[PDB]
Amino acid sequence: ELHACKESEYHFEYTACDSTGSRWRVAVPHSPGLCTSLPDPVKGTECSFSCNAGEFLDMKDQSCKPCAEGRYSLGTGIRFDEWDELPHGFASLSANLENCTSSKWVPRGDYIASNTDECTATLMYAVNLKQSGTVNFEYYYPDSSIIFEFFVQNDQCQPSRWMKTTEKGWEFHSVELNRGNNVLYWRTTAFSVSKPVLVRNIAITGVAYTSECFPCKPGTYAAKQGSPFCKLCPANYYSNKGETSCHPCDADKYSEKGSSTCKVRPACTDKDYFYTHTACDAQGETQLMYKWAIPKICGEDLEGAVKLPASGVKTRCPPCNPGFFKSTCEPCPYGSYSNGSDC
Amino acid sequence: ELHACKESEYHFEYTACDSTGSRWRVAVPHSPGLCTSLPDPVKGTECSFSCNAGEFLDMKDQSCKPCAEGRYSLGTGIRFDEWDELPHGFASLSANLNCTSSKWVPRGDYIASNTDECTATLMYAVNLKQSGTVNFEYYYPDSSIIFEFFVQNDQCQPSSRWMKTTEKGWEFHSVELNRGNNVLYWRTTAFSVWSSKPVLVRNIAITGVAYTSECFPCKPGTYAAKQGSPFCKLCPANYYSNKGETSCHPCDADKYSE
Amino acid sequence: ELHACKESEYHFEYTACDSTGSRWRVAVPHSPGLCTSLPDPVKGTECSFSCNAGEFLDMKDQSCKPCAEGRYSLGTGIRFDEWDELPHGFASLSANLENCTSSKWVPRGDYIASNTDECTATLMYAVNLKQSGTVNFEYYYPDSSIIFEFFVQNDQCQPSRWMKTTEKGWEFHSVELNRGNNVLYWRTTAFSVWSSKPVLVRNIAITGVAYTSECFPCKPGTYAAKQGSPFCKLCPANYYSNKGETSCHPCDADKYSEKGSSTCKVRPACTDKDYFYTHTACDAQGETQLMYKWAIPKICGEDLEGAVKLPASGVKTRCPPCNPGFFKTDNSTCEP
Ligand SMILES: *[C@@H]1O[C@H](CO)[C@@H](O)[C@H](O)[C@H]1NC(C)=O
Ligand SMILES: *[C@@H]1O[C@H](CO)[C@@H](O)[C@H](O)[C@H]1NC(C)=O
Ligand SMILES: *[C@@H]1O[C@H](CO)[C@@H](O)[C@H](O)[C@H]1NC(C)=O
Ligand SMILES: [Cu+2]
Ligand SMILES: [Cu+2]
Ligand SMILES: [Cu+2]
């Protein structure tokens, strides 16, 4: 009476994991009572198949496929790059150490920000790692006035906690996590003897045993298949969802790095160009050569825009730097002093 | 904020046929709100692609596949081999020429006509999307009863009318049909000569209906060996089988089976 | 490489209806392979959305819009107001009643006409109503010498069939139809031995066919003012119009226009046939004055040369004796 469903009406699904850990790849119709003669169940993977980053589990043949072009999988983990609001699951508990309740870890923007005043602002995440994994987050440590603590309390609530200062770049941090219900804690306190502490790209690995491919967000492009992270489109290039490559933008429009849509180039203003003076010539006269800022996003064709002023007239230089004798001054050797005219 | 649609979620489907006949193979999630970045629509068959008996339409590559072992497709047609009750769509209307009781009685293996002098009409109003034929096996043992099978047209205009005697076993008959809503009539009126054996009809097969159809598992007691079978062969006596079997298992020594 | 298509290329369309009756509003590019990231298909209406007369189904939002000005939608039905030739789908079958094959429903013009001679001329239409609907047709029945039969056959070809005679106006008729492949019949028999007057049928409108129609620009000579009009009103006399016209454009004085005329026609010069003579009532002295008048639909200009003017008349001429049974007074105004 019923049909014999083709490949389009029956989908593979895994049974409930037993005590030993065996699963059966049973065939299930998409809606009840639509077909019979389903394919016979076969042995599934032993409840621990974890596809690597950039891969998804194909049910037809139980193996990790390398995904498609322009799409990312994030693997058996999650990421918290967005910080417009507090991401779901994060608890921004703030308590006075002994009102600072209004002072807590605030979602400043692309990065979260710590409280500058003297208070205990804890950012806590409670994630149940089904598999052994690690956490990778980028933390900015501008000043030593506010201390940074990152300790993952374990499954039994059982507890090197302090993070060293970061210079120059954002730096990178990573700790190991076990299979227990690990609860991550990000807390900062100010001694009030300021510069807030910033956190970006919280990456927790070993969560769901399997993920699914995700289209690249606007402003992001992925070229090769199986990309754990979808790269960012360069400046002056726009993009959309699922774009394999960034489309070049028009000349009259300017685009920032990873921009969803192009923005019209405004007319150049007096603020755009900056004055400057170059070195002296053979006669001792320096020529001033006005320059535009390298993030030049304005157009000369548009009316009402001040052009780069015509400069370069040779103007006699003042006496050269002390300790330097000339008109290309060279460093006078040690043991001789110069005021700019003679050494 | 939606995951890219995997091969297992989106199910290819054809758009509504336009006036010219162009169709699009749009990709649709099995339930709304699941996927994004679905495969792009492509041109489909021109609203008239039909797969012969024993084949089905595979949407992935728009062509006819040979089905599989132990399954019959019936093609672009229907079949009414079962007669335990009156099949759906059949109107066993009987008009006096009271004879309300007399009509085409649906015996299990075959349908039997009336024996008395009452006009019993077995009507089937079927809409044929494609020009096809109707085939059936009619038993006509006695000539006192007159057997008429005439095809009415789409505009109800009448359209060889009578049938010949079927001596020496069941015979086979077939007439052509048309694009319209042909309405088939089976009628037998018995002359009151004070004497008859009712006319018997089996295996009504109408082709050209509903365009492509899907494969079905073989009915119990019937087996199919190779893919593409338009019908499941009957298992030999003393042997038995079940649904979907490619062969008939032998039976026990202390058991018999027709 | 392909780029995401702006709203100028992808058009919303409905997938094939399933057994339960659910559809998906898939966004389909106009030409294959031009874009990606198309809008996600959403749930459609349950395969039975029927916009009323004067409304069209908007794909952007699944609701019935009131159409635009100057255009009609005809609703979920069809109309057969044109009868210059036999409309497509109509079978004017003629058969002998027992050679009368020559007799059939002739498309005389804006109306169809039945056969005067003794023969059976059936006007058959086979329309598949996807929805329950009605048929509305105006029929003219001048004389009873020719009988009119209008019966609707069902899907199983299994059949009030006789129509009433019409006096004065064209009258209006309507019956009900089912969801089957209904076949409408219009036949006339001429059982009268001595003659005849043909039977006329106009404005056959069958509703409930395709579940949805599309707005159509109004034909020339027709204007539509309010949106959602299931018909375009005909322009009055001396007014011309064209396709999609919201209002009928007034014509020039030298040109005359019939009702529902696409283009104006130059007024010919007045001829002796245009005016008709007549005599008015008597005066107090018993003299009548004749006052020639132009015909009510007079079409001719006085300015054009070669046109005879309205002749000067009104000379008092003594009336003959008044009507029998009527006696005149001093004012010669006879009273009963
Ligand atoms: C105490 O904390 C509450 C919570 O934010 C705050 O509304 C209140 O102003 C504080 N009291 C002070 C600052 O005196
Ligand atoms: C008369 O017709 C009815 C059905 O309408 C039927 O049940 C009844 O048996 C008939 N009478 C005889 C005597 O057969
Ligand atoms: C009757 O005969 C044929 C069709 O049967 C037709 O062509 C012919 O004109 C008819 N006769 C007359 C007198 O019209
Ligand atoms: Cu499904
Ligand atoms: Cu490009
Ligand atoms: Cu066996």
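Just above sits the structure.
Definitions and cut-offs
- Residues numbered from 1 in each chain as written, not as in the entry; some residues may be left out.
- Chains lettered and ligands numbered in written order.
- Part of a larger assembly, values for the part shown.
- Heavy atoms only, no water.
- Residues with missing side-chain atoms left out of burial classes, pairs and counts.
- Helix = DSSP H or I, 4+ residues; strand = E, 2+ residues; numbered from the N terminus.
- Rg over C-alpha atoms; globule rule 2.2 N^0.38 Å.
- Salt bridge = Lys/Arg side-chain N within 4 Å of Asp/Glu carboxyl O.
- Buried < 20%, exposed > 50% of the residue type's maximum accessible area, 1.4 Å probe, protein only.
- Contact = heavy atoms within 4.5 Å.
- Polar contact = N/O pair within 3.5 Å; in protein donor to acceptor, adjacent residues only side chain to side chain.
- Core = buried A, V, L, I, M, F, W, Y, C linked by side-chain atoms within 4.5 Å.
- Buried area = accessible area lost by both parts, 1.4 Å probe.
- Pairing = 2+ DSSP bridges.
- Axes fitted to C-alpha atoms, helices over the stretch in contact; angles between N-to-C directions.
- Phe/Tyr/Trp six-rings, centres within 6.5 Å; stacked < 30°, edge-to-face > 60°.

### A few points about the overall build of chain A
Here is step 1 of the chain: In terms of regular secondary structure, chain A is built from zero helices and 30 strands.
Here is step 2 of the chain: Relative to the 2.2 N^0.38 estimate, which gives 20 Å for 343 residues, the radius of gyration of chain A is 30 Å and therefore markedly larger than a compact globule would have.
Here is step 3 of the chain: Taken along its principal axes, the extent of the C-alpha atoms in chain A is 105 × 60 × 45 Å.

### A short note on the pattern of salt bridges
Here is step 1 of the chain: Inspection of the entire model under this criterion finds 11 salt bridges over all chains.
Here is step 2 of the chain: Here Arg161(B) makes a salt bridge to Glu148(B), at a shortest N to O gap of 3.2 Å.
Here is step 3 of the chain: On the accessibility criterion, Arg161(B) (35% relative accessible area) is partly exposed.
Here is step 4 of the chain: A salt bridge links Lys298(C) to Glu302(C); the nearest nitrogen and oxygen atoms lie 2.5 Å apart.
Here is step 5 of the chain: On the basis of relative accessibility, which here comes to 26%, the residue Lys298(C) falls in the partly exposed class.
Here is step 6 of the chain: When its relative accessible area of 44% is taken as the criterion, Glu302(C) is described as partly exposed.

### Considerations on the interface of chain A and chain B
Here is step 1 of the chain: Counting residues at the interface gives 19 residues for chain A, matched by 19 residues for chain B.
Here is step 2 of the chain: At the boundary of chain A with chain B, the tally comes to zero salt bridges.
Here is step 3 of the chain: At the boundary of chain A and chain B, one finds 10 residue pairs in polar contact.
Here is step 4 of the chain: Put simply, the parts of the chain that give the side of chain A that touches chain B at least two residues each are β1 (3-4), β6 (56-58) and β18 (214-215) of chain A.

### A short note on the nonpolar core
All names here are of chain A.
Here is step 1 of the chain: Membership of the largest hydrophobic core comes to 30 residues, with the highest contact counts inside it found for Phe148, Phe150, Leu184, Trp186, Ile202 and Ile204.
Here is step 2 of the chain: Here this core takes five residues from strand β14 (residues 146-153), the largest share from any one element.
Here is step 3 of the chain: If we skip the residues at most four places from it in the chain, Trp186 touches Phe90, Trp105, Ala121, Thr122, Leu123, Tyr125, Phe137, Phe148, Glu149, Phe150 and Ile202.

### Overview of the environment of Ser102(C)
Residue and element names in this part refer to chain C.
Here is step 1 of the chain: Mapped onto the elements of the fold, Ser102 is located in the loop between β8 (90-95) and β9 (112-113).
Here is step 2 of the chain: Classification of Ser102 by relative accessible area gives exposed; the value is 76%.
Here is step 3 of the chain: Separated by 38 residues in the primary sequence, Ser102 and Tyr140 have C-alpha atoms spaced 22 Å apart.

### Describing the interface of chain B and chain C
Here is step 1 of the chain: Contacts between the two partners involve 29 residues from chain B and, on the opposite side, 33 residues from chain C.
Here is step 2 of the chain: Surface buried jointly by chain B and chain C totals about 2200 Å² across both partners, of which 63% is contributed by carbon and sulfur atoms.
Here is step 3 of the chain: Contact with chain C buries area across many residues of chain B, yet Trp24(B), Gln155(B) and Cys156(B) alone supply 24% of it, more than any other trio.
Here is step 4 of the chain: Joining chain B to chain C, the criterion identifies zero salt bridges.
Here is step 5 of the chain: At the junction of chain B with chain C, the criterion picks out seven residue pairs in polar contact.
Here is step 6 of the chain: Of all the elements in the fold, those that place two or more residues in the side of chain B that touches chain C are β1 (10-14), β2 (25-29), β10 (119-125) and β14 (183-190) of chain B.
Here is step 7 of the chain: Take the side of chain B that touches chain C: its biggest share by element is four residues, from β2(B).

### Section: the pairing of strand β12 (residues 145-152) of chain B
Residues and elements named next belong to chain B.
Here is step 1 of the chain: The buried fraction of β12 amounts to seven of the eight residues, a majority that puts the element mostly inside the structure.
Here is step 2 of the chain: Here β12 pairs with β14 via eight bridges, running antiparallel. Bridging across to β14, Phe147 finds its partner in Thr188.

### Here's the deal with the sheet that holds β14(A)
Residue and element names in this part refer to chain A.
Here is step 1 of the chain: Pairing in this open sheet of four strands is antiparallel, and the strands run β10-β12-β16-β14 from one edge to the other. Looking at strand neighbours, the two that pair on one side only are β10 (90-95) and β14, the edges of this open sheet. Mean inter-strand twist for the sheet, computed between neighbouring axes without regard to direction, equals 15°.
Here is step 2 of the chain: In this sheet, strand β16 (residues 183-190) lies alongside strand β12 (residues 120-126) in antiparallel orientation, the contact comprising six bridges. For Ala121, the partnering residue across the bridge sits in β16 and is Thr188.

### Considerations on the packing of aromatic side chains
Here is step 1 of the chain: If you walk through the whole model with that rule in mind, you get 55 aromatic pairs over all chains.
Here is step 2 of the chain: Both rings, one in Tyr10(C) and one in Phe12(C), keep their centres 5.8 Å apart while their planes meet at 80°; by these two values the pair is edge-to-face. Each of the two residues, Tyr10(C) as well as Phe12(C), counts as buried.
Here is step 3 of the chain: Aromatic rings pair up to connect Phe80(A), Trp83(A), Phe90(A), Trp105(A), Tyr125(A), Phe137(A), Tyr139(A), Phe148(A), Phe150(A) and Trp186(A) into one cluster.

### Some words on the side chain of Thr76(C)
All names here are of chain C.
Here is step 1 of the chain: Take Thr76: it is sitting in the loop between β6 (71-72) and β7 (77-79).
Here is step 2 of the chain: When its relative accessible area of 16% is taken as the criterion, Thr76 is described as buried.
Here is step 3 of the chain: A distance of 3.4 Å separates the side chain of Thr76 from the backbone nitrogen of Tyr211, its partner in a polar contact.
Here is step 4 of the chain: When sequence neighbours within four positions are dropped, the list of residues in contact with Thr76 reads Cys51, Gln131, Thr207, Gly208, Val209, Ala210, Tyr211, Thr212 and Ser213.

### A word on unusual backbone geometry
Here is step 1 of the chain: The residue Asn238(B) is not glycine, and still its phi comes out positive at about 70°.
Here is step 2 of the chain: With respect to the helices, strands and loops of the structure, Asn238(B) is situated in the loop between β18 (233-234) and β19 (239-240).
Here is step 3 of the chain: Relative accessible area serves as the criterion here: at 41%, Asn238(B) is assigned to the partly exposed category.
Here is step 4 of the chain: Non-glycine residue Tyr211(C) carries a positive phi angle of around 70°.
Here is step 5 of the chain: Inspection of the secondary structure assignment puts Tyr211(C) in the loop between β16 (200-207) and β17 (216-217).

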